[PDB]
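Inspection log for the structure reproduced underneath, given as structure tokens.
Position 1 is the first residue of the sequence, and the numbers go up from there. Counting starts at 1 for both ligands and their atoms, following the listed order. Hydrogens, waters and symmetry mates play no part in the numbers below; they use all other heavy atoms, side chains included.
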Amino acid sequence: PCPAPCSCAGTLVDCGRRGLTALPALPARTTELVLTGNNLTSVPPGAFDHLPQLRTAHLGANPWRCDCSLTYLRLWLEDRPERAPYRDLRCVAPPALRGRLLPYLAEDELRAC
Ligand SMILES: *[C@@H]1O[C@H](CO)[C@@H](O)[C@H](O)[C@H]1NC(C)=O
């Protein structure tokens with residue numbers, strides 16, 4: 001069962017440029033998720049918690065709001081080395097953090113959302 005707007009191949013789910021504002025329902029066996037070029041501003045805490053085999057998430061070219069709602073996503077991206085190449089998300093919001101990369105924001109800048 002592959003999510004309606006997306007395309008699937010094996011355990012990979014490609015939702016690249018489908019104009020998504022939220023996550024679709026994902027198969028529990030998903031190992032890779034292509035979310036490049038959508039309209040996501042954040043993902044809810046624990047969004048990938050039911051995807052135990054998720055190894056890779058492509059998240060670039062989304063309008064990320066870099067506030068306290070992005071705490072979970074940052075923690076996911078920062079946990080282990082193999083996620084490093086996909087980790088450099090660019091903030092577009094708030095205007096104070098526009099153009100900044102997520103990994104190098106001091107807690108100071110993210111806490112006070
Ligand atoms: C993505 O957001 C933009 C506004 O910046 C607009 O084109 C539309 O709401 C969304 N795109 C698609 C393809 O749905």
Side-chain angles (χ1 to χ4, degrees):
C2 187
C6 305
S7 176
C8 294
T11 56
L12 179 148
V13 178
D14 188 343
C15 302
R17 310 206 309 154
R18 313 293 158 106
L20 295 177
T21 58
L23 298 191
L26 292 328
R29 176 66 213 197
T30 299
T31 64
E32 193 177 320
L33 185 52
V34 183
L35 292 172
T36 311
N38 286 288
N39 261 327
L40 316 169
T41 71
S42 62
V43 305
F48 310 141
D49 281 9
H50 79 284
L51 305 184
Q53 327 301 151
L54 183 64
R55 178 188 292 265
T56 306
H58 303 272
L59 290 156
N62 278 284
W64 299 116
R65 172 162 257 268
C66 287
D67 59 7
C68 70
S69 278
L70 216 61
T71 306
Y72 165 78
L73 191 56
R74 180 169 186 201
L75 282 171
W76 195 88
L77 272 348
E78 295 293 322
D79 183 76
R80 59 200 76 184
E82 77 174 342
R83 294 173 192 173
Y86 316 96
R87 156 186 303 174
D88 294 338
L89 307 188
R90 189 174 303 284
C91 313
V92 310
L97 301 173
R98 196 182 70 109
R100 297 289 310 273
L101 295 179
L102 187 58
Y104 322 113
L105 260 16
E107 297 172 358
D108 183 290
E109 291 167 286
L110 266 178
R111 302 268 152 119
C113 215

Protein heavy atoms near atom 8 (C) of ligand 1, is at least one of them under 4.0 angstrom away? yes

So, are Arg55 and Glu82 salt-bridged, with charged N and O less than 4.0 Å apart? yes

Looking at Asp67 and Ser69, would you say the former's side chain and the latter's main chain have a donor-acceptor pair under 3.5 Å? yes

Of the protein's non-hydrogen atoms, which lies at the shortest distance from atom 1 (C) of ligand 1, and what is that distance? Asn39 ND2, 1.4 Å

At what distance, to the nearest 0.5 angstrom, does CD of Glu78 lie from CZ of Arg87? 4.5 Å

Would a 4.0 Å cut-off, counted as strictly less than, catch a protein heavy atom around atom 11 (N) of ligand 1? yes

Could you tell me whether the side chain of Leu105 reaches within less than 4.5 Å of the side chain of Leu102, counting heavy atoms only? yes

Around atom 13 (C) of ligand 1, find the nearest protein heavy atom and jot down its residue, atom name and distance. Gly19 CA, 4.1 Å

